[PDB]
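Engineer: Questions regarding the structure given below will be posed in turn.
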Amino acid sequence: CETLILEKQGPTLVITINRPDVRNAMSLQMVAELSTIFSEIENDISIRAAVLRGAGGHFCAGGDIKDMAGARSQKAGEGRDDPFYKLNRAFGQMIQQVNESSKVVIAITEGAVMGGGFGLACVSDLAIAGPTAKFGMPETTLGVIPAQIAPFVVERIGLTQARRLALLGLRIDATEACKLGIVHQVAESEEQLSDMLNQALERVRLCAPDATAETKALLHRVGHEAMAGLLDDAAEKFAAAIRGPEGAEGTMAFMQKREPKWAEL
Amino acid sequence: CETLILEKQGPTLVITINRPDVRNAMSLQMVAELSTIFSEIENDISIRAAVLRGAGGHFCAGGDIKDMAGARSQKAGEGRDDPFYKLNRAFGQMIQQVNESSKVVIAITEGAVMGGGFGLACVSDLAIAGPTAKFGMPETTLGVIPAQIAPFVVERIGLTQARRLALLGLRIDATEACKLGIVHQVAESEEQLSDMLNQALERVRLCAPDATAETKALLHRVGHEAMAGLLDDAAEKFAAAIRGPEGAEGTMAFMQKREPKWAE
Amino acid sequence: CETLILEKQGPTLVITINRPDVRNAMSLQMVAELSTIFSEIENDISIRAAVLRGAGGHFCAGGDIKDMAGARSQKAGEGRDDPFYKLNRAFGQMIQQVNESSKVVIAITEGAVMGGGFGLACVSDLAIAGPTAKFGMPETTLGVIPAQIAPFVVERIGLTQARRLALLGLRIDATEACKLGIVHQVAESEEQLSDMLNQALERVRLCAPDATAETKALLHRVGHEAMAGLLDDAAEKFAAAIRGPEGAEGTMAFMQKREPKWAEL
C-alpha cells in the first residue's frame, strides 16, 4: 500500500491513512486501496474489526486537487464516460462497500473530516471523535455538489439534520457531531481516545464473528423491505446459527462460565 | 392467564408480566398470552390504552432457556419447519402486532430489559424507564443472532445508534436509553414513575378513540409508500372522521367549552 | 397577496404570515397564496432563500373555522369529491411543495405553531424557534385526525418521537422542540433571533444557487430508491455541475482567493 499503513493487532486490522503531508486529502489511489483492503478482508476469519485512523491528527482534508486536474485534462465524455463521473462515483462505491462490510468498522476521527473521510465516518459501526474533529461540507460554496457524501450523511443523521448541514455548507465541531450522531462518542484527550478504542476492541473480542456479520446484514435491510418478511428471514438465520459451530461453541461457554473460543487472548 | 396479571382500570388495561421468580424471562407461553390479549382488545372499544409493566422491579431478563431445551429435543427440520425457526419467529410476530395495535401502548421499564422485553419497549407509543432500567443486546456474545429484536431497535432509534448497541453487545442505563430514544422519559423515583404514568393516561382519556387508532395506522405507513398517495388516503380518513360520531361530538364539546363524551 | 406580506432583500424573499387578528390561523386562501408564491419563485433565479415568519408573535394558531363551516354547507360527496377531502388535501399539497422547493426555506417560529404552521416548520431546511414557541397536536382531542400534518412530523423527527407527540396530543415548548429536531435552534431573545437569521442568510449568500438546488433534490431521494443507483445519478449531477457556468466560476473564485459571483454584494 502506497497510501495506507496496515497493522494486524489480534483480531483487528488497524488502517492508518498515510499522507499527513497533505493532511490526508483523499485520492483515487487511496480509494482503490481502501476498496481493495476491504474486499480482501471480507471473507477473512482472523480479522473481526477494522479501525480507521489518520496519521498526523487529521482524518481527511478533502479530495486531491490533482485527480481533478488529471480528469479535466482527459478527454470529455458526456455520460458515465465523463472522467468527472468516473472520478466521483468511485468515492460512493468505496463508501458503500465499507458500510456493508462484514467487519465491525471503527473510525477514529481527528482534525479535518471532509469529503471521503466524512463519508467513511458516516458508515462506521462506531465513530469516536478527538477534541479537534471538524466536519464540513463546503462543496456548495465552491459551486460543487457533495454528491457522494451527502447521501451517507442523510442515512447517518437523518434528513432533518442533514438538510441544515449540507445546504448551508456548515462546518461543525466534535461536540455538535456527537449530538447529531455523526460520531457516537467524543474523547477530551489523546488518552481517553486510547481507552475508548481499547474498550471497543474489547467488545469486538467478546462478540462472535459469524453472528456479528449476520446481524449487521440484517440491520442494513431494516426499513427497505417489509418488516414481516425481514423477520421471517431473520428467524432462518437464527435457526441456522444455533445449529452451526459458533452457536454450539457459545452454549458450552455459558454453561461453564468460561470465555468462548473466539474470545481468547 | 398464567404468565400475566390483567387488571382493567377505566379505559386502560394494565398488563403485568408476572414471572418475578425468574425476573420475568419471556416464554413462548407468555408470547402467546400477549398475542391473544392484543387480538382480543383490538376491537373492544372500552379499552383505549394497554400498560405493560413487570412485577418485582424487572421488565424481562431474556428468553426462557426451557423453550430452547424443548426446541433442541424436538426433531430437527429444514428451514421453516425447524423448531428454532418457529420458536424465534413467534417473538417477532407478537412484537410487530403490539407495534401495530390500535391501542396506545405504554411501557414501564424497570431493571433488566432484554430480549422480548427490549423488543416491546421498542414498539410502545410511550415508554417510561425507572432509574434502574438496563437495556442490553448480549446475544452476539453467546454466538446468537438477536434476530427478532435488533430490527425493532433499528426502527426505534435509527441504524446509526442501533449498529453500535447491537454489534458491540452493549448494555446501557436509563439516561442513555432516553437520550437515544429507546424510552421517551426517565423517572428518578417510583413516585415520579406513577405520576408520569398517570399524566399519560389522562392524555389518553382526552383523546378520541377512533381518531387515535386511525392516526396511529397512518403514522406506521409513513416512509413505506409514496407520500402523495399517503396524503390522499389520509385526507379520506379525515373526511370520514368528520362525518362520523366523534367528529360531531368533538366539535360540540369545544363549542360548549366542555369535555367530550369519550373523556367522561 | 391578501394573507401574506412579501418583502425582498437581496436574494432572500421574506414571507410574513399576516392575520395577527386571528393569530395567523391558516385559511384555504393562505394555502393557495403560499402555493402560488412557491410555484413562481421556483425558477426566478434571483431568489435563493424564502423565510417564513408570522406577524404579531405567533406562527399559526391552527386551521380556520370559516373554511370548515363552508365545507359542511357544500354538497356532500364521496371520496375525492367530499369537500372535507378537498379542504384537507390541499394543506398537504402545499406542505409537500414547500418541502421540495429549490430554495433554501427557513422557518422562524414564535408563539403558537399548530396545524399547517407546524407542517411548514417540519419541512424547512432550517427552523429557528423563539422562546415563546409552542408546538402541539391537539387534533385527536377534538375527534379529528391530523391527517396532513402528522406524516410530516414523522419525517421530521422519526416515528418514535412522533408517536408520542401525536397520539397523546401533546403540546411542547421550544427547547423540547429543538431536542426532538422539530426546529434546529432556539433563540433566548428577539435580537438573538435576528443574528441567527442573518447568519443563516449569510450562509445562503455564500452557497451557489444551482448546486444548492441539485443537492437539495438528491437529499429528498435518500431512503426512497436503492443507494447505488442514486449515487450513479449523483455523480452525473456532479459532472454536469463541474462543466457548467457555476462550477467554472467557483473554481476561479477559489483560485484568486475572491468571492464567486453568486456571493456578490
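Engineer: What residues qualify as long-range amide H neighbours of A:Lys134, i.e. H under 5 Å apart, gap of 5 or more or another chain, H built at 1.01 Å from N?
Structural biologist: A:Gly111, A:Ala112, A:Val113
Engineer: Could you list the residues of the stretch C:99-132 with an amide nitrogen less than 16 Å from a label point located 7 Å from the Cα of C:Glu190 in the Cα-to-C-beta direction?
Structural biologist: The answer is C:109-111, C:130-132, whose backbone nitrogens lie closer than 16 Å to the label point.
Engineer: How far, in degrees from 0 to 90, does helix B:245-255 lean away from the longest principal axis of the Cα atoms of chain B, to the nearest 10?
Structural biologist: 60
Engineer: Still on this structure, please answer the following. What do you get for GluC sites (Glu not before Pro) in the stretch C:1-58 restricted to DSSP loop and a cutoff of at most 11 other Cβ within 10 Å of the site's Cβ? Provide the component values of the computation, followed by the final result.
Structural biologist: On the way: sites: C:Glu2, C:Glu7, C:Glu33, C:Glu40, C:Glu42; in loops: C:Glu2, C:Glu42.
Within the stretch C:1-58, the qualifying GluC sites (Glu not before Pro) (loop, at most 11 other Cβ atoms within 10 Å) are C:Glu2.
Engineer: For a quick protection proxy, order the peptides B:45-51, B:144-150 by their average other-Cβ count within 10 Å, most packed first. Don't skip to the answer; put the middle values down first.
Structural biologist: Details: B:45-51: 19.9, B:144-150: 25.9.
Most protected by this proxy first, the peptides run B:144-150, B:45-51.
Engineer: Please determine, in degrees from 0 to 90 and to the nearest 10, the orientation of helix B:28-41 with respect to the longest principal axis defined by the Cα atoms of chain B, where the helix direction is its Cα long axis.
Structural biologist: For helix B:28-41, the angle is close to 10 degrees.
Engineer: Taking the radius of gyration and the Kirkwood hydrodynamic radius from Cα positions alone, what is the Rg/Rh ratio for chain A, to two decimal places? Walk me through the numbers before you get to the answer.
Structural biologist: Details: Rg = 19.7 Å, Rh = 19.8 Å.
Radius of gyration relative to Kirkwood radius: 1.00.
Engineer: For peptide B:238-249, compute the average count of partner chain beta-carbon atoms within 10 Å of each residue's beta-carbon.
Structural biologist: Mean shielding by partner chains, rounded to a whole number: 6.
Engineer: Mind checking C:125-135 for the average number of partner chain beta-carbons within 10 Å of each residue's beta-carbon?
Structural biologist: Per residue, the average neighbour count from other chains is 1.
Engineer: Hey, could you pull the Cα Rg and Dmax for the stretch B:100-242, both in Å?
Structural biologist: Rg and Dmax of the stretch B:100-242, Cα atoms, are 17.1, 54 Å.
Engineer: I need the peptides B:180-190, A:204-214, C:182-192, A:70-80 ranked by packing, meaning the mean over residues of other C-beta atoms within 10 angstrom, with the highest value on top.
Structural biologist: The most tightly packed comes first, giving A:204-214, B:180-190, C:182-192, A:70-80.
Engineer: Under a 5 Å amide H to amide H cut-off, with H placed in plane at 1.01 Å, what residues pair with A:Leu4 once short-range neighbours are removed?
Structural biologist: Residues meeting the criterion, in which the H sits 1.01 Å from N, are A:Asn18.
Engineer: Hey, any idea what the orientation-averaged projected area of the convex hull of the stretch A:208-265's Cα atoms comes to, in nm²?
Structural biologist: Averaged projected area of the stretch A:208-265's Cα convex hull equals 4.5 nm².
Engineer: Give me, ordered by chain and number, the residues 5 or more places off C:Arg48 or on other chains with an amide H under 5 Å from its own placed amide H.
Structural biologist: C:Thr12, C:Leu13
Engineer: Here's a follow-up. Helix C:227-242 sits at what angle to the longest principal axis of chain C, using alpha carbons and giving 0 to 90 degrees rounded to 10?
Structural biologist: 50
Engineer: Right, next: Using r as the Cβ-Cβ distance of C:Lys261 and B:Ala263, and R0 as 60 Å, what FRET efficiency do you calculate, to the nearest 0.05?
Structural biologist: Numbers: r = 61 Å, r/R0 = 1.02.
After rounding to 0.05, the efficiency reads 0.45.
Engineer: Which whole-Hz ³J(HN,Hα) couplings does the stretch C:65-73 yield from phi under the Karplus relation 6.51 cos²θ - 1.76 cosθ + 1.60, θ = phi - 60°, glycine and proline marked x?
Structural biologist: 3, 4, 5, 5, 5, x, 5, 5, 5
Engineer: Using the Karplus equation 6.51 cos²θ - 1.76 cosθ + 1.60 (θ = phi - 60°), what ³J(HN,Hα) coupling, rounded to whole Hz, does each residue of the stretch C:122-127 give in order, writing x for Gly and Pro?
Structural biologist: Result, ordered by residue: 6, 10, 7, 6, 8, 10 Hz.
Engineer: Based solely on C-alpha atoms, express the radius of gyration and the Dmax of the protein assembly as shown in angstrom.
Structural biologist: 27.2, 79
Engineer: Any number yet on Rg/Rh for the stretch C:1-158, C-alpha, Kirkwood?
Structural biologist: My calculation puts Rg/Rh at 0.96.
Engineer: Can I ask one more? Rank-order B:159-168, B:89-98 by packing density, defined as the average count of other C-beta atoms within 10 Å over each peptide's residues, highest first. Intermediate values should be presented prior to the final figure.
Structural biologist: Working: B:159-168: 23.5, B:89-98: 21.4.
Top of the packing list down: B:159-168, B:89-98.
Engineer: What are the ³J(HN,Hα) values, in whole Hz, obtained from phi via the Karplus relation 6.51 cos²θ - 1.76 cosθ + 1.60 with θ = phi - 60°, for each residue of the stretch A:164-172 in sequence order, with x given for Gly and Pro?
Structural biologist: 5, 5, 7, 7, 8, x, 7, 10, 10
Engineer: What number, rounded to the nearest 500 deg cm²/dmol, is the helix-based mean residue ellipticity at 222 nm of chain B, given -39500 (n - 2.57) per DSSP H run of at least four residues and division by all its residues?
Structural biologist: -15000 deg cm²/dmol
Engineer: Would you mind telling me the antiparallel percentage of the DSSP bridges in the protein assembly as shown, rounded to 5?
Structural biologist: Around 30 percent of the beta bridges assigned by DSSP in the protein assembly as shown are antiparallel ones.
Engineer: Rounding to the nearest 20 debye, state how big the charge dipole of chain B is about its Cα centre with +1 on each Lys and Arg Cβ and -1 on each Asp and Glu Cβ.
Structural biologist: Taking the Cα centre of chain B as origin, the dipole is about 440 debye.
Engineer: Counting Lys and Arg as +1 and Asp and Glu as -1, each charge on the Cβ, what is the dipole of the protein assembly as shown about the Cα centre in debye, to the nearest 20?
Structural biologist: Working: 81 positive and 102 negative charges, 34 e Å.
With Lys and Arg at +1 and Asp and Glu at -1, about 160 debye.
Engineer: Taking the alpha-carbon distance from B:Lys261 and a cut-off under 28 Å, which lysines remain once sequence neighbours fewer than 8 residues away in the same chain are dropped?
Structural biologist: Partners found: B:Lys8, B:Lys103, B:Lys216, B:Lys237, C:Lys66, C:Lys134.
Engineer: While we're here: Quantify how strongly other chains surround peptide A:255-263 by giving the mean number of their Cβ atoms within 10 Å of each of its Cβ atoms. Working shown, then result.
Structural biologist: Details: counts 0, 0, 0, 0, 0, 3, 1, 2, 1.
For this peptide, the per-residue mean of nearby foreign Cβ atoms is 1.
Just so you know, all these numbers are worked out from the coordinates, no wet-lab data involved. Cβ: placed from backbone, ideal geometry, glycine included. Neighbour counts: every protein chain shown.
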